[PDB]
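Asker: Handing you this structure, nothing more for now.
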Amino acid sequence: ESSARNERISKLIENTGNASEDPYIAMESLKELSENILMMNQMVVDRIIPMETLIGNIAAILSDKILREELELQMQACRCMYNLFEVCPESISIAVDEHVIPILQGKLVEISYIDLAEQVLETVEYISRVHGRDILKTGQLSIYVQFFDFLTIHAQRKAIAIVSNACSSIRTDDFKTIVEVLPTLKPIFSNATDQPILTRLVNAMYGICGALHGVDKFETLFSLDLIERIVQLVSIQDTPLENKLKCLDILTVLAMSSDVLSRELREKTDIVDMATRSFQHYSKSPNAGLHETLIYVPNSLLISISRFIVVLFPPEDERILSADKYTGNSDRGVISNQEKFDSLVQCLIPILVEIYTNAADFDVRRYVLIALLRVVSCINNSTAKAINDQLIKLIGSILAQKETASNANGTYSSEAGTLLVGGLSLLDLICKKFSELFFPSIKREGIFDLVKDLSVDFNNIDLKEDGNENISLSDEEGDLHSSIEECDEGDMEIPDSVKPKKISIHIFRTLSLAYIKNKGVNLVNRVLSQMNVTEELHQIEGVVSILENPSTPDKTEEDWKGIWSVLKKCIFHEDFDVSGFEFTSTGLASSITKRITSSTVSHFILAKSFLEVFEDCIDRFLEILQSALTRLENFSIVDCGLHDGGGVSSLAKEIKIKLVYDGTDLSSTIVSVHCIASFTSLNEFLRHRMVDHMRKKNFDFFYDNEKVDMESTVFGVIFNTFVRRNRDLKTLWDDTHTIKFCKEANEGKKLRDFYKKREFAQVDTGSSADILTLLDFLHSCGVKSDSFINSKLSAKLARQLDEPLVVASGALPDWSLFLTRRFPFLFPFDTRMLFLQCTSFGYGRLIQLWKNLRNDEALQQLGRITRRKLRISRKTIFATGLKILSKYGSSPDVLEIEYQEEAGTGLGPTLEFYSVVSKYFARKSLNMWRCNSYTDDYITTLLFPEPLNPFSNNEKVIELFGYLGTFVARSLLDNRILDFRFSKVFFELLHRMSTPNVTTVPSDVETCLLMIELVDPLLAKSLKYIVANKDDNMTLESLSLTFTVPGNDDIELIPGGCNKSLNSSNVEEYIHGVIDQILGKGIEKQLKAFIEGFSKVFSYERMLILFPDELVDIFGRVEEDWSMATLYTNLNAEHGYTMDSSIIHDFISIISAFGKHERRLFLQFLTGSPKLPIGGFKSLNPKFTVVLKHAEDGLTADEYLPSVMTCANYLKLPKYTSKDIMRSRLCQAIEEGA
Amino acid sequence: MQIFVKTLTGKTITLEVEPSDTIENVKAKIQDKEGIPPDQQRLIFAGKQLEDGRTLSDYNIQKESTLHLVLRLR
Amino acid sequence: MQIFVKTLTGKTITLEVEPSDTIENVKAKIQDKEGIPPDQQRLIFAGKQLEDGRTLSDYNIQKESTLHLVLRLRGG
Amino acid sequence: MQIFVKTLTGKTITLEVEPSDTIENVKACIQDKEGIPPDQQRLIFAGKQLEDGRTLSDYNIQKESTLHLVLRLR
């Protein structure tokens, strides 16, 4: 057919050259050619068409003066050539060879027929992806954006993609060309809202700065309005993070490369709200709350928001760590306003101080320290009075990290030394400038002892290891703008757009091991030179002596009221508070702990006495203890010397090894094994490399002769050895590692076994043990969890989590494992959840990232999660799911529910399975829960089990709880949205039972009754009335109640008690029997099988990191977000419009008026599960939308109903008119849905 | 003879049917009259949802009984 | 109040209306004042194509709201 | 409305779309109902290709308009 069709192909190409003498047949020639090339492949196309003659003819048509007014032909020619080089990429340059780009500019110069222009712009844009500079070479590319406001959408955004692609390959000689287009891109960037339009106008602006920062007259390009919109583009939440970082990249270069507008960024624009609103987008409560917000902020934005604020300020007096040179930055004699210029700093310091506090990345701390000693040198005595407090504690926290510096060898790590040197320099500057202001607070918080200890440490560190062993104290300021262009990167298939050259700013100087000590010794000597210079401390000592005195009464509550009465007045002065150092200096924490952990008084009385005195200053007491724990914290955060940072690229790592069995295969074999998987999976890797005795070879991994079990990871014990050795971890990636070692998949059994023999790691916390003890006592008082989260420990844990190699190494620091289980109140809920998934879900559910490409391409082969369809019947949903556990209970497969003889699948049936099954677990007929009992079948009240009947058979109630355990455990491992209704007490009995060496039921009894009225207030008040008058035997016998279980009078408390009545003789036994029955021995038999089934999927021991009141919410108690503002922020809208739309305002106004049942009915229909996912509508993937719905055929949309394309996730809303009909329609839908 | 079909707002349509006619024949004829496709059509009588596989006399529907019509959604 | 209309050649015409009237009403008015048939007219404002049945008030149009007029062959 | 998209082997699918559903939305819809990724799918109707930026109203496509799908040969 090709030969027959050639006589029509070549004829049509000839007609294109005949368009001069045939203006109209060429129309259908081009139409016929363009139609076919779009419906065929290039490889047939490439062998037939003379592309060069094609484009020559097309240029002849587009440039002929005869055919200028053939607007119905020029469109077709442009479309035909566009489809010509859409299919053949190499034909793009062929057109460029004959000045097609200049020809196509001429059309856009003057148009009266836009359908040609929306084709010309759509076509020439596709050129800019390959030949971005060829378009830039012509240099009049402001033409493309003059007709912006006439292009509908696609041309409107393709008239920007071309400029951006031509604005990315810019060089030094194209300075004037950008000035040509800048006035025509400035306002349309100032008034744009579409994201594929604001993601190109920032790439173009980044490409401009990548090349033109050295070219002169660069100050006049980015004028005030443009930099102002760049500033305010961060203060809006809808901007993504990826563009958010780029905007700061342009903005910091515009302050580094020049000074004129770098002055503007501090005089005219506001930088404080600039920093604040970018952080608060990640906040959770609108009444924030700076301290907790910074925990959730990504590290990538923390780096940029700091490396921009350091650049905005001119360098410091002594440049130990900063490496800048720029000439025009010695003009800090300009102090005209102590408000317009200094209200920036006096509230910026309380921003980046917290940035330092709640972040632990090396780059972030370095940047923020540089910024501190850069900006504090600018303030004066008058300005410094209001910044005294935070800096003192910050520097105290900086240079108290001395203990981490020492190695297991006794050697040193330069990372901590740089931080110490920076903190010491900041201390030197502040003591040199504000001695009178800083003498009291430094002494009070105790920094002088710290700097003395650091002086001793610096002296003790060895020096003679120098290779260049000729070192003078003056090796100063080597290269400090030889280091902003040295690594600027940027010096075939077609991409979406031309990515601008990645600029890499360098403001750091790497310090040598000798230089850090040389600076540190002089700095400590200086600060000690300036080191030269209340009874409340003696009152603290007196309080310590009083607590240490056993002669003080400590038995009745009247004693403990006075125990804390003196303490409250000792610690909290009317002016200031006792610092975190003074509290732990005189042993006051030890004095509190000894009295708390020795007194025989029940915890209830202690908590009551504490709450009766510390009524309103609970957080004031929490902050002092948190500061004390932060300073006394000594745990060294581990690292593995990654060469790929904290990303999936660090998952793609492999190490050459020479495994040695502690022929030559077991002694010398160089193979690059991944550093991710386990020793079970190390056995798997050696099984793979064997390709069978090597399969059987289960090894006792004596790396450095250590009998460690099979549970660790491929480099787990190796890394543990290189921690006890504490060698150079960077060499570990270059060392051919001498690995020393000696000798049910049906589900299959998951490799969650990293912590079978690690959960009992009882690590000593040092002097912080008292602090942790009374913090755990305070959280046991049931007080709110406002300030229980420790900022820096949470930051350290988060920095541990975003090191994928160590987290997947199974060698997580034992202090973290101990602290999470033992003190789960020091960390945020999100951090604890992330810890739970990584420590609990196995490598298959860990290395598969969800930690936001080819980095995981080699890892997804061995770390993917597998689907598993499950087929059941709707009428047998409960009973079949029972056998589903017996067959597929502990599988690692994500559950997928399918209903037989039905086609509709997906997450719908999966959500509908366990949601219905959970309600089937709320049936009175199963005899599983306290169904009051004093109509239907379902329990509508709070849910809690009933005691067994010892005489009656109970083979089914226990088994049902055993199944419920595996259901509930399976729910959390898969992030399923369940609606189940548990009681807070039910999980208290589960945390206490699974905690070793503690009674499940509290030995205290009035604690037990107080824990009882959360289950049944009638019995609670009956029992506390029994306790109240246990001496009035006349009233005790008035009840005349025998030893039968209340409510279920068929069960005897004690043998023969059904005859004996209630009196003062054995009232205590009656109380301890009814308690033991309703809460304890009568109900523990359910729990012992519930945990038995819970631990089949994964052990309940991991779950102890959470809280019962934070488990009911995740299991289906949490109240959902339904406020006016919080919902349309989760809308995305589009297509009409959202504006106004008068159908959206009322549609959001009705959804707020729903009761508790309308919400459930609407959610089980919109989603499939009757409740909302975790954390609001944000977790819905994708977000729920609003889409226009037209009127068909002629009847109004005020009669129809909200449509869904059966993939929602979203809705399509018809044009309703009246409010009342909207209320009728939406309700009729939600109730008729169920 | 004819039966009454109530629209979702005020208006009422009356259709000439027979006891032997089916619950999908009525959907076809109401699509002929109004034009709304059956996939967005829901027939409701006496609260319970009328499955479209029976006949009009299978449910024993009265002569002038007004079964309610709902333009359903997906 | 009044609004402004932009053609593709840049010439300016002036209107005289209130925050009212429909898209067909204003396209008929432009036909009257320019002789351009409504099928030969396309209207763009705020970077989107207008709808014939909708009115000017629903599109949030104020005094001297400079809108644009577009000519298409249709043209596919 | 309801349209037809026919593959290169004659197997034609049906859609339930609206002129208020962009072009990329129906690309996502066909991404749901079959497993060819969006970039390996080219929509052809009336000779001209359907660009992924407009809506169905701008290209003048109505009910029963059987268009073709070209599997992109990347």
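Residue numbers start at 1 in each chain; chains themselves are named A, B, ... in the order of the structure tokens; ligands are numbered from 1 in the order shown.
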Kindly provide, as number ranges by chain, the residues of chain C having any atom no farther than 12 Å from an atom of chain D, counting only C-alpha atoms.
Answerer: C: 42, 48-51, 72, 74-76
Asker: Within 9 Å of chain C, which residues of chain A are there when counting only C-alpha atoms? Please give them as a PyMOL selection string.
Answerer: chain A and resi 72+110-115+147-153+156+1139-1141
Asker: Would you kindly report the residues of chain A within 10 Å of chain B, using only C-alpha atoms, as a ChimeraX atom specification?
Answerer: /A:1165-1166,1192-1195,1198-1208,1211,1221,1225,1228-1229,1232-1233
Asker: Residues as selected, N, CA, C and O atoms, written as a compact mmCIF listing (two decimals), in the first residue's frame, can you do that?
Answerer:
# COMPACT_ATOMS: atom_id res chain seq x y z
N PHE A 1165 -21.63 7.17 51.82
CA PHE A 1165 -22.06 7.19 50.43
C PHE A 1165 -21.05 7.86 49.51
O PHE A 1165 -20.80 7.37 48.40
N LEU A 1166 -20.44 8.96 49.95
CA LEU A 1166 -19.42 9.63 49.15
C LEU A 1166 -18.14 8.81 49.08
O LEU A 1166 -17.49 8.77 48.03
N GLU A 1192 -29.61 18.49 30.83
CA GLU A 1192 -30.08 17.64 29.73
C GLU A 1192 -31.34 16.93 30.19
O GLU A 1192 -31.37 16.35 31.27
N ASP A 1193 -32.38 16.98 29.36
CA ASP A 1193 -32.33 17.65 28.06
C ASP A 1193 -32.76 19.11 28.16
O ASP A 1193 -32.01 20.01 27.78
N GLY A 1194 -33.96 19.34 28.68
CA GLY A 1194 -34.47 20.68 28.82
C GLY A 1194 -34.91 21.02 30.23
O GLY A 1194 -35.05 22.19 30.59
N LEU A 1195 -35.14 19.99 31.04
CA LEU A 1195 -35.56 20.20 32.42
C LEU A 1195 -34.42 20.84 33.22
O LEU A 1195 -33.24 20.61 32.96
N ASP A 1198 -32.48 22.01 38.91
CA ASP A 1198 -33.06 22.14 40.24
C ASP A 1198 -33.97 20.97 40.59
O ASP A 1198 -34.77 21.07 41.53
N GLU A 1199 -33.88 19.87 39.84
CA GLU A 1199 -34.71 18.70 40.05
C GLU A 1199 -33.84 17.45 40.12
O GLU A 1199 -34.26 16.42 40.66
N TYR A 1200 -32.63 17.54 39.59
CA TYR A 1200 -31.75 16.39 39.46
C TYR A 1200 -30.91 16.27 40.74
O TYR A 1200 -31.11 17.00 41.71
N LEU A 1201 -29.97 15.32 40.77
CA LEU A 1201 -29.22 15.00 41.98
C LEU A 1201 -27.71 15.02 41.71
O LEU A 1201 -27.28 14.87 40.57
N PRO A 1202 -26.88 15.21 42.76
CA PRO A 1202 -25.43 15.31 42.54
C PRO A 1202 -24.79 14.04 41.99
O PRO A 1202 -24.76 13.00 42.65
N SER A 1203 -24.26 14.14 40.77
CA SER A 1203 -23.72 12.99 40.07
C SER A 1203 -22.29 12.66 40.52
O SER A 1203 -21.56 13.52 41.03
N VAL A 1204 -21.91 11.40 40.31
CA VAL A 1204 -20.58 10.89 40.61
C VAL A 1204 -20.21 9.92 39.49
O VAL A 1204 -21.07 9.16 39.02
N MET A 1205 -18.95 9.93 39.05
CA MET A 1205 -18.55 9.09 37.92
C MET A 1205 -18.10 7.72 38.44
O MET A 1205 -17.51 6.93 37.71
N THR A 1206 -18.46 7.42 39.70
CA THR A 1206 -18.13 6.16 40.37
C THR A 1206 -16.62 5.97 40.50
O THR A 1206 -16.11 4.85 40.37
N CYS A 1207 -15.90 7.06 40.75
CA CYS A 1207 -14.49 7.01 41.14
C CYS A 1207 -14.21 7.97 42.29
O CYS A 1207 -13.04 8.19 42.62
N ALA A 1208 -15.25 8.51 42.92
CA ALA A 1208 -15.15 9.57 43.91
C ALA A 1208 -14.65 9.05 45.25
O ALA A 1208 -14.91 7.90 45.62
N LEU A 1211 -17.24 15.03 43.48
CA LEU A 1211 -18.66 15.12 43.15
C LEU A 1211 -18.85 16.07 41.97
O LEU A 1211 -17.99 16.90 41.66
N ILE A 1221 -34.90 23.46 48.43
CA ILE A 1221 -34.83 22.29 47.56
C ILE A 1221 -33.45 21.65 47.64
O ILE A 1221 -33.32 20.43 47.53
N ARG A 1225 -32.98 17.79 48.56
CA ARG A 1225 -32.33 16.89 47.61
C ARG A 1225 -31.14 16.18 48.25
O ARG A 1225 -30.98 14.96 48.12
N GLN A 1228 -32.44 13.65 50.87
CA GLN A 1228 -33.04 12.52 50.18
C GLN A 1228 -31.98 11.62 49.55
O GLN A 1228 -32.11 10.40 49.58
N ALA A 1229 -30.90 12.21 49.03
CA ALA A 1229 -29.80 11.41 48.52
C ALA A 1229 -29.10 10.62 49.62
O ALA A 1229 -28.87 9.42 49.47
N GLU A 1232 -31.57 8.06 51.21
CA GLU A 1232 -31.87 7.06 50.19
C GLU A 1232 -30.64 6.28 49.76
O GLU A 1232 -30.77 5.16 49.25
N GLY A 1233 -29.44 6.84 49.95
CA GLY A 1233 -28.23 6.10 49.64
C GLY A 1233 -28.09 4.86 50.51
O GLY A 1233 -27.72 3.79 50.03
Asker: Would you mind listing what lies within 9 Å of residue A:602 as number ranges by chain, with only C-alpha atoms counted and same-chain residues fewer than 5 positions away left out?
Answerer: A: 607, 1003-1004
Asker: Residues at most 12 Å from residue A:880, counting only C-alpha atoms, excluding those fewer than 4 positions away in the same chain, as a PDB file with N, CA and C atoms, in the first residue's frame?
Answerer:
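Result file result_18.pdb:
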ATOM      1  N   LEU A 870      -9.732 -10.806  48.021  1.00  0.00           N
ATOM      2  CA  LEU A 870     -10.444 -11.708  48.917  1.00  0.00           C
ATOM      3  C   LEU A 870     -11.911 -11.732  48.514  1.00  0.00           C
ATOM      4  N   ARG A 871     -12.415 -12.916  48.179  1.00  0.00           N
ATOM      5  CA  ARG A 871     -13.772 -13.083  47.672  1.00  0.00           C
ATOM      6  C   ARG A 871     -14.671 -13.586  48.792  1.00  0.00           C
ATOM      7  N   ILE A 872     -15.764 -12.866  49.041  1.00  0.00           N
ATOM      8  CA  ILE A 872     -16.749 -13.219  50.052  1.00  0.00           C
ATOM      9  C   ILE A 872     -18.139 -12.962  49.483  1.00  0.00           C
ATOM     10  N   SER A 873     -19.155 -13.255  50.289  1.00  0.00           N
ATOM     11  CA  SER A 873     -20.540 -12.960  49.961  1.00  0.00           C
ATOM     12  C   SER A 873     -21.093 -11.944  50.952  1.00  0.00           C
ATOM     13  N   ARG A 874     -21.994 -11.093  50.455  1.00  0.00           N
ATOM     14  CA  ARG A 874     -22.522 -10.013  51.283  1.00  0.00           C
ATOM     15  C   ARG A 874     -23.323 -10.550  52.462  1.00  0.00           C
ATOM     16  N   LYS A 875     -24.163 -11.559  52.229  1.00  0.00           N
ATOM     17  CA  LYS A 875     -24.994 -12.107  53.293  1.00  0.00           C
ATOM     18  C   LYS A 875     -24.210 -12.956  54.286  1.00  0.00           C
ATOM     19  N   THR A 876     -22.974 -13.330  53.961  1.00  0.00           N
ATOM     20  CA  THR A 876     -22.101 -14.065  54.867  1.00  0.00           C
ATOM     21  C   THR A 876     -20.827 -13.283  55.172  1.00  0.00           C
ATOM     22  N   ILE A 884     -11.260 -16.104  57.126  1.00  0.00           N
ATOM     23  CA  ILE A 884     -10.239 -15.300  56.464  1.00  0.00           C
ATOM     24  C   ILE A 884      -9.032 -15.107  57.372  1.00  0.00           C
ATOM     25  N   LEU A 885      -9.243 -14.974  58.682  1.00  0.00           N
ATOM     26  CA  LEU A 885      -8.096 -14.891  59.579  1.00  0.00           C
ATOM     27  C   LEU A 885      -7.389 -16.233  59.713  1.00  0.00           C
ATOM     28  N   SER A 886      -8.151 -17.325  59.821  1.00  0.00           N
ATOM     29  CA  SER A 886      -7.542 -18.641  59.978  1.00  0.00           C
ATOM     30  C   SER A 886      -6.680 -19.008  58.779  1.00  0.00           C
ATOM     31  N   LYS A 887      -7.016 -18.496  57.597  1.00  0.00           N
ATOM     32  CA  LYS A 887      -6.234 -18.779  56.401  1.00  0.00           C
ATOM     33  C   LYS A 887      -5.175 -17.729  56.090  1.00  0.00           C
ATOM     34  N   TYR A 888      -5.534 -16.446  56.086  1.00  0.00           N
ATOM     35  CA  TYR A 888      -4.669 -15.350  55.653  1.00  0.00           C
ATOM     36  C   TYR A 888      -4.542 -14.307  56.756  1.00  0.00           C
ATOM     37  N   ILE A 897     -10.836  -6.677  49.282  1.00  0.00           N
ATOM     38  CA  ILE A 897     -12.083  -7.413  49.441  1.00  0.00           C
ATOM     39  C   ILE A 897     -12.849  -7.390  48.128  1.00  0.00           C
ATOM     40  N   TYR A 899     -16.524  -9.010  46.295  1.00  0.00           N
ATOM     41  CA  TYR A 899     -17.815  -9.647  46.510  1.00  0.00           C
ATOM     42  C   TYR A 899     -18.175 -10.491  45.297  1.00  0.00           C
ATOM     43  N   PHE A 913     -16.378  -3.941  53.578  1.00  0.00           N
ATOM     44  CA  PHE A 913     -16.307  -5.230  54.268  1.00  0.00           C
ATOM     45  C   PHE A 913     -16.162  -5.047  55.774  1.00  0.00           C
ATOM     46  N   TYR A 914     -15.046  -4.465  56.206  1.00  0.00           N
ATOM     47  CA  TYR A 914     -14.776  -4.403  57.633  1.00  0.00           C
ATOM     48  C   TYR A 914     -15.631  -3.365  58.339  1.00  0.00           C
ATOM     49  N   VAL A 917     -18.546  -5.455  59.098  1.00  0.00           N
ATOM     50  CA  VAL A 917     -18.170  -6.483  60.067  1.00  0.00           C
ATOM     51  C   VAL A 917     -18.010  -5.891  61.463  1.00  0.00           C
ATOM     52  N   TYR A 963     -10.597 -13.408  67.291  1.00  0.00           N
ATOM     53  CA  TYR A 963     -10.759 -12.905  65.932  1.00  0.00           C
ATOM     54  C   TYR A 963     -10.769 -11.380  65.857  1.00  0.00           C
TER      55      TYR A 963
END
Asker: Fewer than 3 positions away in the same chain doesn't count, so skip those; otherwise give me all residues within 10 Å of stretch 7-19 of chain D, counting only C-alpha atoms, as a PyMOL selection string.
Answerer: (chain A and resi 39+1135+1188-1190+1205) or (chain D and resi 1-4+22-23+25-26+29-30+33-34+41+43+54-64+66-71)
Asker: Enumerate as a list in words all residues of chain B assigned to strand (DSSP E) by DSSP on the backbone, naming them with the chain letters and numbers the document uses.
Answerer: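 DSSP-assigned strand (DSSP E) residues in chain B: residues 2, 3, 4, 5, 6, 12, 13, 14, 15, 16, 42, 43, 44, 66, 67, 68, 69 and 70 of chain B.
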Asker: To test your reading of the structure, identify every residue in stretch 678-851 of chain A that backbone DSSP assigns to alpha helix (DSSP H), and report it as a PyMOL selection string.
Answerer: chain A and resi 679-690+693-696+716-724+729-734+769-779+791-801+804-807+814-822+829-840
Asker: Would you mind listing what lies within 10 Å of residue A:714 as a PyMOL selection string, with only C-alpha atoms counted and same-chain residues fewer than 5 positions away left out?
Answerer: chain A and resi 673-683+685+719+739+808-810
